[PDB]
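A.B. asks:
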Amino acid sequence: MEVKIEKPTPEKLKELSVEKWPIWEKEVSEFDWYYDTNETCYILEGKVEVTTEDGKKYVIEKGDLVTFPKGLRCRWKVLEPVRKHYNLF
Numbered sequence: 001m002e003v004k005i006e007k008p009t010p011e012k013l014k015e016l017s018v019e020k021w022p023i024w025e026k027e028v029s030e031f032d033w034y035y036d037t038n039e040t041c042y043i044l045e046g047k048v049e050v051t052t053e054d055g056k057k058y059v060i061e062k063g064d065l066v067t068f069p070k071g072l073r074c075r076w077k078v079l080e081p082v083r084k085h086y087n088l089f
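Under the UniProt record's numbering, think of the first position of the sequence shown as 1, with each following residue one higher.
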């Protein structure tokens with residue numbers, strides 16, 4: 001229900017124009033984030049353990065597309081530096 005994570009076809013990721021979306025990159029640290037609007041983000045390289053307040057972990061690897069919804073507050077444990085093409089909406 002919260003935290004949509006799945007492994008989409010790579011074809012639709014072309015059509016979405018993900019190459020034209022903003023890159024983001026970060027260090028091997030951990031911090032806590034707040035999504036306040038919808039954000040679709042495709043993991044192109046690296047490893048993270050997100051965890052929600054329910055203590056559910058959501059690791060995402062190279063191949064996981066994610067959409068966080070409008071209003072969610074979770075941790076981000078960057079277990080290797082990651083690159084995710086994102087777009088807010």
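Just so it is clear, CB atoms sit at the ideal spot from N, CA and C, and this is done for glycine as well.
(1) Keeping to the same chain, check which residues put their C-beta closer than 7 Å to that of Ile23; ignore five residues upstream and five downstream.
(2) Between the Cα of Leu44 and those of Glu80, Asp36 and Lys57, spot the shortest distance and give me the residue it belongs to.
(3) Buried or exposed: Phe68, going by 16 or more other Cβ atoms within 10 Å of its Cβ?
(4) Please classify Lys77: does DSSP put it in a helix, a strand, or coil?
(5) In whole angstroms, give me the CA-to-CA distance for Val78 and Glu19.
(6) Decide if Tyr42 is buried, meaning its Cβ has at least 16 other Cβ atoms within 10 Å, or exposed.
(7) Please classify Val48 as buried or exposed, where buried requires at least 16 other C-beta atoms within 10 Å of its C-beta.
(8) From what residue to what residue does the alpha helix (DSSP H) around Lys14 run?
C.D. replies: With the structure as the only source:
(1) Position 23 of the sequence shown, counted from the start, is the residue given in the question as residue 23. Closer than 7 Å at Cβ, skipping near neighbours: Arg83 and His85.
(2) On the sequence shown, position 44 is the one that residue 44 refers to. Minimum Cα distance to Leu44 is reached at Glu80.
(3) Taking the first residue of the sequence shown as 1, we reach residue 68 at position 68. Under a 10 Å Cβ-count criterion, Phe68 is classified as buried, with 16 or more other Cβ atoms of the shown protein chains found around its own Cβ.
(4) Locating residue 77 in the sequence shown gives position 77, where the first residue counts as 1. When secondary structure is reduced to three states using DSSP, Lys77 falls in the strand class.
(5) Here residue 78 is taken as the residue at index 78 of the sequence shown, counted from 1. Here residue 19 is taken as the residue at index 19 of the sequence shown, counted from 1. Computed Cα separation, rounded: 23 Å.
(6) Working through the sequence shown from its first residue, we reach residue 42 at position 42. By the C-beta density criterion, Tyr42 is buried, having at least 16 other C-beta atoms within 10 angstroms.
(7) Within the sequence shown, numbered from 1, the residue matching residue 48 stands at position 48. Classification of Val48: buried, given that the 10 Å Cβ count is 16 or more.
(8) Position 14 of the sequence shown, counted from the first residue, corresponds to residue 14. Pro10 to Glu15 is the extent of the alpha helix (DSSP H) around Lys14.
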